[PDB]
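Report on the structure given below.
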Amino acid sequence: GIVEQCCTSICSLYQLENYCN
Amino acid sequence: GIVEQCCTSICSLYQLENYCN
Amino acid sequence: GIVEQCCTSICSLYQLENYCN
Amino acid sequence: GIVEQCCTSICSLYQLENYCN
Amino acid sequence: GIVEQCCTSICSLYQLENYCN
Amino acid sequence: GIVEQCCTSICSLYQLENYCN
Amino acid sequence: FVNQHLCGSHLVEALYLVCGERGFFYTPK
Amino acid sequence: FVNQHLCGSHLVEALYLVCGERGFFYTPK
Amino acid sequence: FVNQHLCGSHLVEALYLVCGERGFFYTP
Amino acid sequence: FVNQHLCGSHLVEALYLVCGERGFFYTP
Amino acid sequence: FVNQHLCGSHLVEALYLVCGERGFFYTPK
Amino acid sequence: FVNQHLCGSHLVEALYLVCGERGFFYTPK
Ligand SMILES: Oc1cccc(O)c1
Ligand SMILES: Oc1cccc(O)c1
Ligand SMILES: Oc1cccc(O)c1
Ligand SMILES: Oc1cccc(O)c1
Ligand SMILES: Oc1cccc(O)c1
Ligand SMILES: Oc1cccc(O)c1
Ligand SMILES: [Zn+2]
Ligand SMILES: [Zn+2]
């Protein structure tokens with residue numbers, strides 16, 4: 001999930017924020 | 001400076017944007 | 001919570017595991 | 001050594017404990 | 001730049017010191 | 001020791017070098 | 001390789017800063 | 001001083017290492 | 001003191017994250 | 001690339017420590 | 001090799017965590 | 001507070017950087 005999205009390519013701040021509560 | 005502003009209370013990432021080039 | 005428990009005193013690794021999924 | 005054991009595949013914390021004093 | 005120079009072969013503290021103000 | 005010396009006052013990298021092997 | 005393991009450590013530190021008081025769930029697989 | 005803020009940064013890294021494949025939830029508030 | 005030194009480490013990490021391709025200048 | 005991104009994180013931390021009071025610029 | 005350099009940084013962090021008051025020896029050879 | 005504990009985390013990262021392949025022992029007590 002996040003590991004595939006954010007460790008294959010650099011996630012932007014926006015993309016990261018999707019994972020917050 | 002940044003140490004007085006942001007080590008005494010929490011700076012948001014938006015506040016921190018001010019220090020970017 | 002974790003901040004009350006583990007920022008007041010050092011939490012053991014077993015204490016930290018309470019917050020694993 | 002640690003680099004050979006643990007930089008090529010993931011070592012658990014228990015595995016890493018072999019390097020504690 | 002620093003990424004180019006520093007990011008495949010390891011840069012020494014001396015080498016990094018070149019990037020200081 | 002190192003904690004007493006360097007967590008009470010900031011040790012420079014040179015001073016820290018004093019604790020290497 | 002340990003690349004993904006190392007990446008995850010940076011990922012969680014980034015999530016920490018982005019999410020603030022909201023926190024987050026990290027569920028790697 | 002920003003005690004709890006910096007504490008949290010370390011907490012998430014510790015949780016990352018301890019929890020492994022389980023992942024974790026960071027819920028400060 | 002040591003607190004401010006530790007804080008600065010975290011500041012640079014945050015600036016790295018937030019500034020992205022813009023980069024940043026840091027001074028204590 | 002992710003490689004370079006993670007490298008940069010460590011570079012800025014190293015620069016923080018090496019440069020001390022002088023500070024530093026990061027560009028990447 | 002930069003990858004090994006970055007690996008060692010993360011190893012030392014994990015050793016600090018798991019070893020506690022014992023501390024550790026980081027001897028990369 | 002856990003500032004001394006967190007100082008240690010930063011200290012070992014700095015030792016890692018400075019010592020290089022010299023390595024180091026960390027003996028917190
Ligand atoms: O995609 C990522 C991975 C790690 C840190 C980060 O800021 C972004
Ligand atoms: O106020 C602060 C201090 C250090 C890191 C950070 O993201 C914010
Ligand atoms: O209580 C704590 C706080 C931060 C890191 C850690 O391993 C334990
Ligand atoms: O195998 C490893 C390498 C680096 C950090 C870690 O926790 C495990
Ligand atoms: O070449 C490098 C890359 C990252 C950190 C460092 O100290 C050196
Ligand atoms: O005195 C210290 C304590 C922790 C990190 C460091 O670079 C110096
Ligand atoms: Zn810290
Ligand atoms: Zn890393």
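Each chain gets a letter, A, B and so on, in the order the sequences are listed, and its residues count up from 1. In listed order, ligands and their atoms are each counted from 1.
- Inter-residue side-chain proximity for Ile10(F) and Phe1(I) is flagged as unmet; no heavy-atom pair is nearer than 4.5 Å.
- Taking distance alone, with nitrogen or oxygen atoms compared against 3.5 Å, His10(G) stays at or beyond that limit from ligand 1.
- Put simply, part of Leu16(B) is less than 4.0 Å from ligand 2, judged by heavy atoms.
- For ligand 1, the atoms closer than 4.0 angstrom to any heavy atom of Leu11(G) are 4 (C).
- SG distance check for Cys11(C) and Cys6(C): under 2.5 Å.
- With ligand atoms numbered from 1 in the order given, ligand 2 contributes 1 (O) to contacts under 4.0 Å with heavy atoms of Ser9(B).
- Those atoms of ligand 1 that come under 4.0 Å of a heavy atom in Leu17(I), given as number and element, are 7 (O).
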**Item:** Trace of the ring pair (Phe, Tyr, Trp, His ring centres under 6.0 Å) decision for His10(H) with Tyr16(K)
**Value:** CA-CA 12 Å; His10(H) 294 272; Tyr16(K) 183 78; 8.8 Å; no

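- For ligand 2 and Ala14(I), the ligand atoms under 4.0 Å from any heavy atom of the residue are 7 (O).
- Distance from atom 6 (C) of ligand 1 to its nearest protein heavy atom, with residue and atom name: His5(J) NE2, 3.3 Å.
- Between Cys11(A) and ligand 1, a contact under 3.5 Å exists for at least one N or O pair.
- Within a 6.0 Å sphere centred on CG of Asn3(J), heavy atoms belonging to other residues, nucleotides or ligands number 12 at most.
- Considering only heavy atoms from C-beta on, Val3(E) comes within 4.5 Å of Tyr26(J) through its side chain.
- For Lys29(L) and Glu4(F), the salt-bridge test fails: no basic side-chain N is under 4.0 Å from an acidic carboxylate O.
- Its N, O or S atom nearest to the Zn ion (ligand 8) is what matters here, and for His10(J) that atom is NE2.
- The closest protein non-hydrogen atom to atom 2 (C) of ligand 2 is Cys6(B) O, 3.3 Å.
- Distances below 4.0 Å separate heavy atoms of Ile10(A) from the following atoms of ligand 1: 1 (O), 2 (C), 3 (C).
- Here the two rings, on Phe24(K) and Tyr19(D), have centers that are 6.0 Å apart or farther.
- For the pair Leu13(B)/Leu17(G), a side-chain contact is recorded, criterion being any heavy-atom separation below 4.5 Å from C-beta on.
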